[PDB]
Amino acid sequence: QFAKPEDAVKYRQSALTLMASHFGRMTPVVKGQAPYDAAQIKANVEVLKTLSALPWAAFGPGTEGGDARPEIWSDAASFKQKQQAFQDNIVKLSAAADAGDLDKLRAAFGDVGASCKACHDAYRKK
């Protein structure tokens, strides 16, 4: 859907920005600094699930750019593995949110966070 590689870069950065907000906004709830409203968390995680599928299609062949390391393309099986793992952790977060349990949510939120750090260490320029 991108007329130029620059557009793919803008798209994935924008998707990632939105994901960061939707993930990050739950941190005070997970730490107990803000109240836990099960229906609010369920809705937000549903948004996060939608968003979390979107960036990966914008790292297609020939969309080198931004802070993406070339390793994303020269090691494509491994990158696909990492995004698929991350999306699996999101499914677990969605399951915790649907169940309405704050202990399961905290655990699942940590797994998501570690999936994020893992990928960045490997595939994002510092």
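The first residue of the shown sequence is 1; numbering continues from there.
Which is higher in the entry, the mean Cα B factor of 48-56 or that of 29-37?
Mean CA B-factor is higher for 29-37.
Highest mean C-alpha temperature factor of the two stretches 112-120 and 10-18, which is it?
Looking at the record's C-alpha B-factors, the answer is 112-120.
Taking only the Cα B-factors deposited for this chain, tell me whether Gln81 sits in the lowest, middle or highest third.
Highest third, going by the recorded CA B-factors of the chain.
Sorting by Cα B-factor within the chain, modelled residues only, which third would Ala99 end up in: lowest, middle or highest?
It falls in the top third of the chain.
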